[PDB]
C-alpha cells in the first residue's frame, strides 16, 4: 500500500495540462490516481507524446522499457533528438522517477547499484536535469532497513542538485533555495519517526498539517 500512497500523493501534485514523464516501476502507478478534472499527457523517451494503455498491440509501438503499449487520440511521433530536445529543453513540466538514494544537497542516485551489474543510465540524467519539476517517488528505507535519504549519496549519482520534490510513504520533502524542507508527514507517522528514519539534515515547516 506504501507504493500506492506515494503514487497517489505524487498524482495529487500534477496539474491539469501538464506534460509528464513516468519512469518504469513505481511512477507508472501515478497514472492510476489522477484526480477528477486533471488530464495529463505522458511523454515516452523512445519518441512520442500521448502515451496510454494497450488497445490493440502493435509491434512498432512500445514504451521506454520496450514493452508493448498504446497511444491516446492526438498523439505525436518524433525522433530521439526531438524527444530529448523536449526533455532537456524544459518542455517536460514534471518527471516522476524512482530512487535508490537522495540527499540534503538534492543529489540523486537511481541508475546503478554498486555490487550489481550496471544497466546504464538511459534517459534519467537528461530527465532530472531537464524537467521543470523533478519528483522522486521511493520507499523511505531499503529492504535491509537502512536509510536511503542521506546526508550524502554513496552510490553513483544520476545528477547533482536536481531533486525538487521527494515523496515517501512516511513524509514529503521539498528542496527550496538550496535547503531541504519537510513539508508533509504521512498519517500514522510522527516527526520522531521521520527524523529517526532519515539521515539527511532538514528543517521542518512551522505550519505543518494546515490548510492552504
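Positions refer to the first chain, counted from 1.
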125-133 versus 108-116 - greater average Cα B-factor per the deposited record: 108-116
Averaging the C-alpha temperature factors as deposited, the higher value of 41-49 versus 144-152 falls on 144-152
C-alpha B-factor winner, where the candidates are 163, 185, 167, 64: 185
Which one of 10, 189, 22, 19 shows the top CA temperature factor in the record? 189
Please rank the C-alpha B-factors of the chain's modelled residues and tell me whether residue 139 sits in the lowest, middle or highest third. highest
Within this chain, which third does the Cα B-factor at residue 68 fall in: lowest, middle or highest? middle
Report the third (lowest, middle or highest) to which the CA temperature factor of residue 59 belongs, ranking only the modelled residues of the same chain. lowest
Among modelled residues of the same chain, the CA temperature factor third for residue 171: highest
Relative to the other modelled residues of the same chain, rank the CA B-factor of residue 29 and answer lowest, middle or highest third. highest
